[PDB]
Amino acid sequence: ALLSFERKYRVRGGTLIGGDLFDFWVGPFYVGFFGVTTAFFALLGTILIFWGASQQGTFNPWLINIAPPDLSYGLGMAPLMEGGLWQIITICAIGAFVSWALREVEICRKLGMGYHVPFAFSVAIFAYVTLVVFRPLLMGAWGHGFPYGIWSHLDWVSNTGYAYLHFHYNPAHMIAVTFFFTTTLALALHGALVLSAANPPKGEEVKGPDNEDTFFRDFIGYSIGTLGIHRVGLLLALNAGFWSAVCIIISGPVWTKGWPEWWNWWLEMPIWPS
Amino acid sequence: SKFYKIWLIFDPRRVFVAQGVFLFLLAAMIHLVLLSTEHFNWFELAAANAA
Amino acid sequence: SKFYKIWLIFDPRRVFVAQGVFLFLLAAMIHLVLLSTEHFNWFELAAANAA
Amino acid sequence: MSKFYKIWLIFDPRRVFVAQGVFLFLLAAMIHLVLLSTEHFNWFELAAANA
Amino acid sequence: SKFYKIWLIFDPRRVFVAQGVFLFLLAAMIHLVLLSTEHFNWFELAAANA
Amino acid sequence: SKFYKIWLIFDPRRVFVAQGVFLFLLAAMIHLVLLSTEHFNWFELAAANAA
Amino acid sequence: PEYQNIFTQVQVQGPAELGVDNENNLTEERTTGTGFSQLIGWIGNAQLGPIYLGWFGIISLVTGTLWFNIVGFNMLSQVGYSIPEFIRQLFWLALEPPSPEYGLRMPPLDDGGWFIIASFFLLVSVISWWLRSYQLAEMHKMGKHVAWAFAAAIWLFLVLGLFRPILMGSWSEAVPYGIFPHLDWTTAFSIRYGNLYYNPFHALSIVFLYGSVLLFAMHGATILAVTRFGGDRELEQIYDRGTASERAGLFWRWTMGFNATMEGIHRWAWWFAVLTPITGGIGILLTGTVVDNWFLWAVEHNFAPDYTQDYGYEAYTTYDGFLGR
Amino acid sequence: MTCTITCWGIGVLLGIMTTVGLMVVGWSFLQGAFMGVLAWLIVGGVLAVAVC
Amino acid sequence: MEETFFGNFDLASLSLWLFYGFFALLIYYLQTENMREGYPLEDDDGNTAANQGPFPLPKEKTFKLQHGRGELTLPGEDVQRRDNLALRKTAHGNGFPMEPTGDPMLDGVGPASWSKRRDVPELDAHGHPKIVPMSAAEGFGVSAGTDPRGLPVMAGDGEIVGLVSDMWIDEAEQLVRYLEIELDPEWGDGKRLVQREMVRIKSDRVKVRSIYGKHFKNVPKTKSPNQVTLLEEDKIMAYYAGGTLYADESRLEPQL
Amino acid sequence: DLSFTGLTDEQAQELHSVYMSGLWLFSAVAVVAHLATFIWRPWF
Amino acid sequence: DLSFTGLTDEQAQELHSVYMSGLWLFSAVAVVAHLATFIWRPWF
Amino acid sequence: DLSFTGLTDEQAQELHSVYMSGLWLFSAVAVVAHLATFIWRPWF
Amino acid sequence: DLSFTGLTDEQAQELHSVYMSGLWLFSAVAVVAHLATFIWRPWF
Amino acid sequence: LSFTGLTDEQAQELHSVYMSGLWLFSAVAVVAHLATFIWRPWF
Ligand code: BCL
Ligand SMILES: CC[C@H]1c2cc3[nH]c4c(c3C)C(=O)[C@H](C(=O)OC)c4c3nc(cc4[nH]c(cc(n2)[C@@H]1C)c(C(C)=O)c4C)[C@@H](C)[C@@H]3CCC(=O)OC/C=C(\C)CCC[C@H](C)CCC[C@H](C)CCCC(C)C
Ligand SMILES: CC[C@H]1c2cc3[nH]c4c(c3C)C(=O)[C@H](C(=O)OC)c4c3nc(cc4[nH]c(cc(n2)[C@@H]1C)c(C(C)=O)c4C)[C@@H](C)[C@@H]3CCC(=O)OC/C=C(\C)CCC[C@H](C)CCC[C@H](C)CCCC(C)C
Ligand SMILES: COC(C)(C)C(=O)/C=C/C(C)=C/C=C/C(C)=C/C=C/C(C)=C/C=C/C=C(C)/C=C/C=C(/C)CC/C=C(/C)CCC=C(C)C
Ligand SMILES: COC(C)(C)C(=O)/C=C/C(C)=C/C=C/C(C)=C/C=C/C(C)=C/C=C/C=C(C)/C=C/C=C(/C)CC/C=C(\C)CCC=C(C)C
Ligand SMILES: COC(C)(C)C(=O)/C=C/C(C)=C/C=C/C(C)=C/C=C/C(C)=C/C=C/C=C(C)/C=C/C=C(\C)CC/C=C(/C)CCC=C(C)C
Ligand SMILES: COC(C)(C)C(=O)/C=C/C(C)=C/C=C/C(C)=C/C=C/C(C)=C/C=C/C=C(C)/C=C/C=C(\C)CC/C=C(\C)CCC=C(C)C
Ligand SMILES: COC(C)(C)C(=O)/C=C/C(C)=C/C=C/C(C)=C/C=C/C(C)=C/C=C\C=C(C)\C=C\C=C(/C)CC/C=C(\C)CCC=C(C)C
Ligand SMILES: COC(C)(C)C(=O)/C=C/C(C)=C/C=C/C(C)=C/C=C/C(C)=C/C=C\C=C(C)\C=C\C=C(\C)CC/C=C(/C)CCC=C(C)C
Ligand SMILES: COC(C)(C)C(=O)/C=C/C(C)=C\C=C/C(C)=C/C=C/C(C)=C/C=C/C=C(C)/C=C/C=C(\C)CC/C=C(/C)CCC=C(C)C
Ligand SMILES: [Fe+3]
């Protein structure tokens with residue numbers, strides 16, 4: 001159904017392709033040309049996962065594992081039950097993610113708002129793309145992508161991390177991790193100000209932007225502002241997604257030794273006395 | 001000669017601060033390259049003497 | 001000479017704080033340099049003298 | 001020498017006294033901690049040795 | 001002497017609160033240092049005397 | 001004597017909660033460092049007495 | 001293209017804002033010293049306003065510096081007061097926790113004794129800062145959401161260094177004070193107790209860590225998308241819903257079938273971030289005290305994947321083949 | 001602006017020069033790049049502040 | 001303890017199930033807190049829908065608005081609803097877009113639609129209007145970036161509609177909000193406001209691409225030249241963003 | 001004459017008298033506790 | 001004459017006399033405690 | 001003249017006089033403490 | 001007539017007179033200190 | 001003519017003092033360099 005104010009916004013137009021052929025709503029969802037492709041690709045990938053689970057012998061969501069082909073198969077296609085099903089789902093997954101981002105462009109174009117949300121999602125897609133196709137292409141085999149399992153894809157992270165003998169010493173991992181722990185810190189503090197100002201102690205008037213602006217001035221000596229926090233909050237999250245893509249694309253295509261050995265440039269500088 | 005006119009361009013308070021910082025950092029840097037060498041390192045040189 | 005005119009340019013409050021932290025930090029650094037040398041480490045020298 | 005009292009014209013007594021107290025104690029803890037690190041001036045380790 | 005004038009510069013509330021926390025932190029610190037040593041640790045000395 | 005004037009500058013409402021929690025954490029801490037020691041651990045001592 | 005609100009195209013600077021005040025007399029503890037930085041004003045507010053210094057702020061700063069100095073000055077002494085070596089090994093030095101042989105007793109100063117004293121001052125500094133956050137919110141007559149959220153972070157901070165070492169009965173279970181060393185502890189902690197990936201609370205905490213970055217990217221971009229309708233004024237949109245809140249809600253309703261309000265988004269934002277250390281704190285507490293091996297726990301509870309392929313490299317290639325000879 | 005950005009451009013240009021200059025006399029890329037990054041921030045920052 | 005209560009159900013397993021119960025209650029609480037605005041659902045015809053969702057409406061909460069503006073209980077009738085919308089259904093059923101019956105930018109529908117906010121200016125902590133022109137503001141000036149006052153304004157089709165005369169700022173946050181445009185006689189009559197988020201400032205001009213030259217004369221005006229009410233802000237901003245789709249047929253029709 | 005907390009001299013004087021009664025009562029119990037535990041296991 | 005905190009000179013002298021009374025009482029306990037510990041286990 | 005903190009020339013004289021007396025008392029203790037330490041365990 | 005700090009020429013000499021005296025007193029101790037340590041362990 | 005808002009007479013007065021300081025700083029540096037050359041020459 002609609003909302004109390006939704007009717008005045010559901011106008012015709014704003015599509016990127018297909019016009020009014022697909023321009024309608026199914027329930028609350030908006031269907032576009034890319035909503036049709038999203039439905040096809042997502043459903044095809046979902047069914048193929050359970051088809052592979054049926055042949056795997058288990059339907060347990062923890063134990064379902066669709067794995068890439070061996071490194072021997074290279075960049076070519078593999079038998080469906082020997083790693084080819086994973087490749088098809090990857091094509092479906094990429095098609096469903098790109099369509100989802102393009103569908104968001106149509107929605108935000110129909111509402112006359114900015115395209116920040118689809119652009120931010122593209123960084124998430126870029127991180128997924130650099131894990132499943134970009135990095136395997138550089139390393140020369142489709143078997144370097146992570147498997148499609150709830151707990152299996154943690155084993156891929158564990159072994160890939162320990163393939164460089166200490167993955168905490170990765171300079172890009174060091175930067176990327178700093179962005180998660182800070183984005184969550186920024187999210188916690190930003191969400192606290194709005195909640196604290198809008199929900200004061202019982203019997204007290206609600207607070208305006210000035211009161212929360214002066215709180216952090218009293219608290220940490222500097223306040224970034226109502227607009228600045230969202231502006232810097234997106235940048236912290238986008239940098240987190242980007243630098244996480246960097247830490248994994250340089251592990252194997254750019255660096256093959258252990259990651260602690262990378263810091264040997266700093267230890268053995270000519271300036272340091274012997 | 002007529003070099004005094006530089007103060008009609010440079011702010012005396014803004015250049016004195018820069019000159020003071022530059023002079024000390026330069027002095028510390030030269031004092032540090034001497035200690036890097038094994039010939040002019042007076043700390044290690046004194047240890048070699050009377051030993 | 002007539003160096004007193006430096007105070008017509010430098011603010012005495014801001015300069016005095018600047019050299020107060022500079023003088024101690026310089027003194028602490030030099031005292032730490034000696035402690036890193038075997039010859040001038042007075043703490044370790046007393047231990048050797050006792051033995 | 002006899003006319004250093006004018007330093008209190010430049011400096012506010014309130015902030016100088018607070019800063020001096022923090023610096024003096026943080027100084028005192030530094031040397032006391034330095035002495036405890038040495039094997040010769042550790043008065044706690046010496047008392048055990050005399051036992 | 002004339003040290004009574006220190007209260008003309010310092011706020012009596014501020015000194016007392018600062019001194020109270022400062023005094024306790026030393027007492028806990030020095031007691032902990034004594035516990036670290038083998039000679040001034042009164043807990044193990046009682047055990048050793050058994 | 002004259003210590004009753006400490007309430008003229010300290011808020012009794014603020015002091016008591018600070019004076020209250022501090023006593024419990026101190027009491028809990030001493031009961032814990034006392035339990036860590038083998039000699040003064042009354043829980044372990046009772047089992048030893050029963051043998 | 002259209003102007004994306006990522007950088008302000010023009011900045012206006014007026015008299016410094018000293019902040020609001022009430023009968024609590026906030027101004028008497030304020031520094032009243034302000035400075036304006038234009039570089040940071042391209043992305044946020046350009047004023048480095050006065051900071052409220054009370055007693056919880058002063059106590060935390062002084063005790064925090066003592067922890068910083070004790071850890072730092074020990075590191076300098078470790079390399080024999082060699083400043084060039086101190087800088088070179090700065091990321092490698094640390095103040096190691098006590099050895100396991102001392103249990104919960106006070107260890108010698110050179111073998112973790114200074115670690116306990118330094119950790120005592122850090123604990124005081126962190127708790128004092130929490131009290132300052134709680135006190136400031138009370139004096140501003142605002143909600144205590146900042147203090148409660150910060151208390152969630154302290155919960156993992158307390159568990160990781162105070163609560164868990166007591167339960168294991170050894171101060172040696174604490175985290176070393178080093179840049180690289182606390183990364184070494186993190187890796188060694190996972191290896192010692194099985195595989196921390198299989199800790200359900202570590203998995204759950206990652207869900208809320210990913211969700212936190214997920215949701216703040218979603219919220220950060222949505223507000224920037226509706227900032228043309230005055231969407232950055234979130235507080236006024238709660239009290240009087242404008243077109244900015246409607247379009248932001250309708251964008252997500254048409255995308256994923258449901259949305260939130262301008263207030264309710266910050267309840268989602270608050271809870272995912274707060275649940276990140278709360279769940280992790282429980283997972284670290286159970287690690288060592290209860291389980292001692294997480295992968296074997298996973299095998300017992302039947303959520304560890306099983307593999308049927310071979311393991312050696314000889315089952316996939318040859319040494320000569322890999323070398324191309 | 002148009003001068004702060006230009007002064008920043010001179011800093012990054014100097015950092016590239018510093019990297020290759022140190023590589024010529026030995027060192028390594030990462031060792032040279034670190035001083036190039038460091039020279040970018042210092043000289044580039046000073047230029048943007050010393051003159052506007 | 002390393003002893004299990006029954007089977008393989010230890011303390012770690014018990015804490016997991018306790019969190020599952022807590023999370024289910026948390027999700028229920030979080031979702032209901034998001035239903036304070038926009039409900040009941042209604043349908044395309046305006047009547048309340050037969051389906052309302054699995055989550056019931058939350059209990060009423062009250063906001064004590066400042067500056068003597070009364071209270072506000074969010075779960076209830078919405079005063080921001082618009083009436084006499086110039087739209088018609090394109091289908092007899094549900095789930096299909098509405099077609100404007102006139103000029104969408106003038107009637108305020110779709111991307112150009114505003115919301116019936118309060119007809120009073122937003123106030124700062126003191127109580128004065130939040131957004132004021134820099135002419136009234138004392139001690140405020142441009143400290144960085146390009147000053148747009150005096151630069152010509154170029155519309156979305158390249159037409160020059162006037163020169164920027166003033167610029168409205170948020171003195172509470174020291175942030176620029178609007179730019180005043182002195183419309184030329186050939187394009188308009190008086191002054192118009194454009195929000196800072198729809199204008200790109202160049203060295204010699206300011207460019208607004210969402211509005212053509214002929215659409216500037218119909219931008220909503222402010223009742224007074226010293227302050228702007230919340231309703232006027234919502235009408236002005238919606239007009240410019242509505243031009244991103246209604247300026248010409250090329251924008252409305254699909255790009256491919 | 002002086003009160004940073006707005007309490008007159010008379011109120012503070014009797015506030016302290018009640019406070020000292022609790023302080024001595026708390027200390028009296030503590031003294032017996034330390035005296036009893038020294039007989040049990042002396043630490044000196 | 002000079003009073004940053006506001007309280008008068010004779011008022012300051014009254015407060016300092018009490019502060020020293022408490023200070024000497026605290027120091028007297030410390031000296032006795034330090035003397036007892038030195039007899040127990042001297043550190044010199 | 002030259003008043004940057006509001007103090008007068010005559011006001012600052014006794015403030016410095018008591019500060020120096022406080023300085024000498026603090027320094028006198030340090031000399032005695034240092035002299036005792038050198039006798040106990042000399043560092044030269 | 002030139003002053004960027006509001007200071008007067010006549011009182012600038014007054015400030016510099018005691019600063020130089022502080023310079024020589026600080027330097028005199030340092031010269032004695034450096035002379036003492038050179039006798040102890042010379043660095044030349 | 002004068003970007004610092006400083007008259008010609010003041011600038012000439014300011015330079016003479018600055019030269020006097022520069023020579024004194026250089027004179028000390030010269031004397032220091034002969035001491036180092038005698039103790040440990042680098043040529
Ligand atoms: C080999 C490594 C192990 C590993 C071992 C651990 C360990 C060990 C832990 C985690 C934990 C965490 N892991 Mg894990 N983890 C691994 C793999 C991963 C991966 C991945 C992609 O592979 C990810 C994303 C994560 C993610 C996470 C987060 C969910 C979580 C941290 C909570 C948090 O926010 O901390 C933020 C909290 C803090 C930083 C404490 C805050 C301290 C206080 C509040 C601040 C004091 C400030 C201080 C005084 C300095 C102030 C100075 C200022 C300058 C003034 N792990 C592998 C398996 N993981 C934590 C956990 O379990 O949570 C349940 C944890 O302890
Ligand atoms: C800036 C980086 C951060 C980010 C941002 C981000 N994500 C986003 C957005 C943004 C800004 C959206 O707008 C968009 C959205 O609408 O979210 C509600 C989204 C989104 N990111 C999501 C999830 C997600 N984000 C994650 C993280 C992040 N995304 C980063 C922290 C993660 C991680 C790393 O854990 C996940 C799992 C979704 C909720 C949503 C995208 C929804 C979508 O793509 O829908 C279309 C597809 C389907 C309905 C089903 C597709 C099924 C496939 C065809 C088959 C399976 C493929 C897959 C590889 C399975 C693997 C399973 C195993 C790994 C267990
Ligand atoms: C769990 C979700 C996120 C989170 C939440 C979170 N953290 C928080 C909060 C919240 C909600 C706060 O409210 C609180 C805060 O104040 O934020 C501004 C805070 C905070 N958590 C912080 C950081 C932090 N957050 C972290 C992580 C996170 N916490 C997540 C990202 C981490 C990590 C990765 O573990 C850290 C390290 C702090 C910035 C802040 C509160 C810490 C604090 O101020 O403690 C008091 C200590 C001091 C004032 C001094 C510390 C030591 C100084 C370096 C000493 C001074 C040195 C100086 C050079 C002097 C030298 C003198 C000598 C030369 C003599
Ligand atoms: C590595 O370090 C190692 C070696 C480990 C180490 O140990 C380093 C140790 C180092 C550095 C020692 C540093 C210690 C120093 C310097 C000691 C200062 C200690 C002092 C000064 C003690 C004053 C106590 C007096 C009080 C606090 C109250 C008096 C009590 C009365 C009751 C006050 C109230 C009185 C009133 C009358 C009421 C008020 C009146 C009115 C309102 C009218
Ligand atoms: C070996 O190599 C390595 C290791 C790298 C190394 O070591 C490198 C070291 C190198 C290069 C040293 C370079 C340092 C230099 C050069 C520092 C000289 C320092 C100098 C010169 C400062 C003296 C200041 C003393 C005064 C001046 C006190 C005055 C104090 C008094 C008390 C003030 C008087 C009172 C008043 C003014 C009151 C106000 C008056 C009125 C209100 C009227
Ligand atoms: C390893 O551990 C190591 C490190 C060795 C360690 O432990 C280090 C130990 C260290 C440092 C000891 C720290 C010192 C301590 C703890 C001494 C302070 C102790 C004190 C001060 C005792 C107060 C007792 C007061 C009470 C308990 C009740 C009195 C309150 C009464 C009941 C109030 C009445 C209420 C009223 C409302 C009055 C009514 C009147 C009006 C309302 C007018
Ligand atoms: C192997 O090579 C390595 C090591 C790598 C290397 O880099 C080599 C080093 C290299 C290349 C550095 C190149 C050195 C250079 C360029 C030397 C610059 C140094 C200069 C120029 C010295 C100025 C001294 C000026 C003073 C110190 C004045 C004193 C000022 C006095 C105090 C007066 C102040 C004013 C007043 C008192 C009142 C005035 C006001 C009124 C009258 C109103
Ligand atoms: C790595 O380093 C290693 C090698 C470890 C190292 O050790 C190197 C250490 C190095 C270099 C530090 C060198 C320390 C230095 C230089 C510190 C000198 C310390 C000084 C100078 C301070 C003393 C005097 C202060 C007092 C104590 C005043 C007494 C105050 C009195 C009591 C106040 C009286 C006031 C009033 C009553 C107000 C009356 C009010 C009115 C009249 C209104
Ligand atoms: C130039 O300046 C000087 C100054 C010279 C200098 O050197 C500069 C200093 C320098 C460079 C030091 C740089 C510091 C570094 C790298 C430290 C990084 C720090 C890191 C990574 C922190 C790890 C996580 C810690 C946890 C997780 C704690 C948890 C434990 C908490 C605290 C609980 C309390 C613990 C207890 C045991 C309670 C004890 C209490 C009692 C017993 C009552
Ligand atoms: C048997 O024994 C034999 C073998 C014979 C033997 O011993 C052989 C030895 C022989 C022969 C001598 C070998 C040693 C020698 C030669 C020692 C070097 C001597 C040195 C290095 C001299 C130091 C003086 C430096 C100062 C003291 C500068 C003062 C700097 C001042 C402080 C300037 C800074 C102040 C400012 C104000 C500037 C700021 C300005 C503005 C801000 C404008
Ligand atoms: Fe927000």
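Keep in mind that the numbers below use all heavy atoms, side chains included, and drop hydrogens, waters and symmetry copies. So you know, we letter chains A, B, ... as the sequences are listed, proteins then strands, and number each from 1.
For the residue pair I:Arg196/G:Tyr3, the side-chain donor-acceptor check at 3.5 Å is satisfied. Between G:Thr8 and A:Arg231, the side chains place a donor N or O and an acceptor N or O closer than 3.5 Å (distance only, hydrogens not considered). With hydrogens and angles left out, the side-chain atoms of G:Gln13 and G:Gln38 include a donor and acceptor closer than 3.5 Å. Between the side chains of A:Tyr222 and G:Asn45, not a single donor N or O lies within less than 3.5 Å of an accepting N or O. A donor atom on one side chain and an acceptor atom on the other are found under 3.5 Å apart for I:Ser135 and I:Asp166. D:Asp12 and L:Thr5 share no side-chain donor-acceptor pair at under 3.5 Å.
I:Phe140 contributes atom CZ, which lies 11.0 Å from atom CE of I:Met167 (distance to the nearest 0.5 angstrom). For the atom pair G:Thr65 OG1 and D:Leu26 CG, the distance stands at 7.5 Å (nearest 0.5 Å). To the nearest 0.5 angstrom, D:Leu27 atom CG is 11.5 Å from D:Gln20 atom CD. In this structure, I:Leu175 CG and I:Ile169 CD1 are separated by 9.5 Å, a value rounded to the nearest 0.5 Å. With values rounded to the nearest 0.5 angstrom, I:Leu163 atom CG is found 14.5 Å from I:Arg205 atom CZ. The OH atom of D:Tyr5 sits 13.0 Å away from atom CD of L:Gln11, with the distance rounded to the nearest 0.5 Å.
The cationic atom of B:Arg13 (NZ for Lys, CZ for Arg) lies less than 6.0 Å from the six-membered ring centre of M:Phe4 and within 45° of the ring axis.
For the pair G:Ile83/C:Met29, a side-chain contact is recorded, criterion being any heavy-atom separation below 4.5 Å from C-beta on. Using a 4.5 Å heavy-atom threshold, the side chains of H:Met35 and H:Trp27 count as touching. Between A:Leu267 and G:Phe91 there is no side-chain heavy-atom pair separated by less than 4.5 Å.
Side-chain N or O atoms of M:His16 include none that pairs as donor or acceptor with a backbone N or O of M:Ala12 at under 3.5 Å. Judged by distance alone, the side chain of G:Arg30 and the main-chain N or O of G:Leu53 form no donor-acceptor pair under 3.5 Å. No side-chain donor-acceptor contact under 3.5 Å links L:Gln13 to the backbone of L:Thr8. The main-chain N or O of M:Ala33 is never found under 3.5 Å from a side-chain atom of M:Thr37 such that the two would form a donor-acceptor pair. No donor-acceptor pair closer than 3.5 Å links the side chain of G:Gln11 to the backbone N or O of I:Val142. At least one donor-acceptor pair closer than 3.5 Å links the side chain of M:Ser21 to the backbone N or O of M:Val18.
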request  = Give the C-alpha distance, both sets of side-chain angles, the deciding distance and a yes or no for ring pair (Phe, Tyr, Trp, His ring centres under 6.0 Å) between H:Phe34 and A:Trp265.
outcome  = CA-CA 10 Å; H:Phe34 172 75; A:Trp265 71 265; 5.5 Å; yes

request  = Run the numbers on G:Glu17 and G:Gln47 for side chain to side chain contact (heavy atoms under 4.5 Å, CB included), then give the verdict.
outcome  = CA-CA 8 Å; G:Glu17 206 57 74; G:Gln47 168 189 337; 3.9 Å; yes

request  = Just do the side chain to side chain contact (heavy atoms under 4.5 Å, CB included) check on B:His39 and B:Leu34 with the steps written out, would you?
outcome  = CA-CA 8 Å; B:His39 190 60; B:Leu34 292 179; over 6 Å; no

inquiry  = Could you go through I:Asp147 and I:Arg149, starting from their C-alpha distance and side-chain angles, then the distance that decides it, and tell me whether this counts as salt bridge (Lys or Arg N to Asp or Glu O under 4.0 Å)?
reply    = CA-CA 6 Å; I:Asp147 199 350; I:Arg149 282 172 304 182; 2.9 Å; yes

key: Derivation and outcome, ring pair (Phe, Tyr, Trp, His ring centres under 6.0 Å), residues C:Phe40 and B:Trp42   = CA-CA 11 Å; C:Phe40 292 106; B:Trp42 58 96; over 10 Å; no

request  = Determine, step by step, whether N:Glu13 and N:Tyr18 satisfy the side-chain hydrogen bond (donor to acceptor under 3.5 Å, both in side chains) criterion, reporting the C-alpha distance in whole Å, the side-chain angles of both residues, the deciding distance to 0.1 Å, and the verdict.
outcome  = CA-CA 9 Å; N:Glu13 182 65 26; N:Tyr18 182 91; over 6 Å; no

query = When you look at G:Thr34 and G:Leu18, which way does the side chain to side chain contact (heavy atoms under 4.5 Å, CB included) test go after all the steps?
reply = CA-CA 8 Å; G:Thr34 79; G:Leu18 293 181; 4.2 Å; yes

query = Given the rule in the side chain to side chain contact (heavy atoms under 4.5 Å, CB included) test, do I:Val199 and G:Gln9 qualify, once you have shown the distances and angles that lead to the verdict?
reply = CA-CA 9 Å; I:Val199 63; G:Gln9 59 258 68; 3.9 Å; yes

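Contact detail for H:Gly32 and H:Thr19: the closest heavy-atom pair is O-OG1, 3.5 Å. When all heavy atoms are compared, the tightest approach of H:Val51 to H:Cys3 is O-SG, 4.1 Å. When every heavy atom of D:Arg15 is checked against every heavy atom of D:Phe11, the shortest pair comes out as NH2-CD2, 3.4 Å. Nearest heavy atom pair, residue C:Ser36 against residue C:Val33, reads OG-O, 2.6 Å. The shortest heavy-atom contact between H:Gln31 and A:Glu268 is NE2-O, 3.0 Å. Taking both residues in full, the closest heavy atoms of H:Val12 and H:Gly9 are given as CG1-O, 3.1 Å, listed atom of the first, atom of the second, then distance.
Checked against the 6.0 Å centroid criterion, the rings of G:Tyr81 and G:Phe86 do not qualify as a close aromatic pair. With ring centers used as reference points, A:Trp272 lies under 6.0 Å from A:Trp266.
At most 12 heavy atoms of other shown residues, nucleotides or ligands fall within 6.0 angstrom of atom CG in M:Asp1. The environment of H:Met1 atom CE is dense: over 12 non-hydrogen atoms of other residues, nucleotides or ligands sit within 6.0 angstrom.
Using cut-offs of 30° and 60° for the angle between ring planes, the M:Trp43 and M:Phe38 rings count as perpendicular.
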